[PDB]
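Okay, so here's just one chain, in structure tokens, the form deposited in one PDB entry.
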């Protein structure tokens, strides 16, 4: 529980990265609108064009409302792009306390195709004081280590 599931890492779409990007994330949102409707969703709202590498999509699942954010995390149509999707269900039990995170890896595949990997986990929020104390120590310690790592890394390369 809480760990990642590799939903699938043996996906290949037989067209280049830029085509898969255009279909799923491009300026013509008709393709992704239908795809969403084919997954037993309806009343999909007008798909915003990407702005600041993000867009928010609302629809109804078969019944409950879903709010989905998609964030482009890396964008190299010659080699690799990566999108993180976060799906919220505000009206289900504890829906304000969890979301479903899915990262989509799109990487150059043999013969100019697109390899796809899909990884998901469920992220719980909700601020238990005990959890909150442990998290603050964990994040403060990682901030300290990361600053030391970057400092040492730069000293290593400078000689």
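Shifts are known only where both forms have a C-alpha. Superpose the two forms; the largest set of C-alphas matching within 1.5 Å is the rigid core. Positions refer to the first chain, counted from 1.
Beyond the structure shown, there is the form deposited in another entry, which is absent from this document and is the topic of what follows.
- Superposed on the core, the two forms differ at residue 128: its CA moves 2 Å or more between the shown form and the other one.
- Relative to this form, the distance between the C-alpha atoms of residue 98 and residue 131 is reduced by at least 3 angstroms in the other form.
- Compared with the form shown, the residue 97-residue 128 C-alpha separation decreases in the other form, the change being 3 Å or greater.
- In sequence order, the one region between the shown form and the other one where at least three consecutive C-alphas each move 2 angstroms or more after rigid core superposition is 126 to 156.
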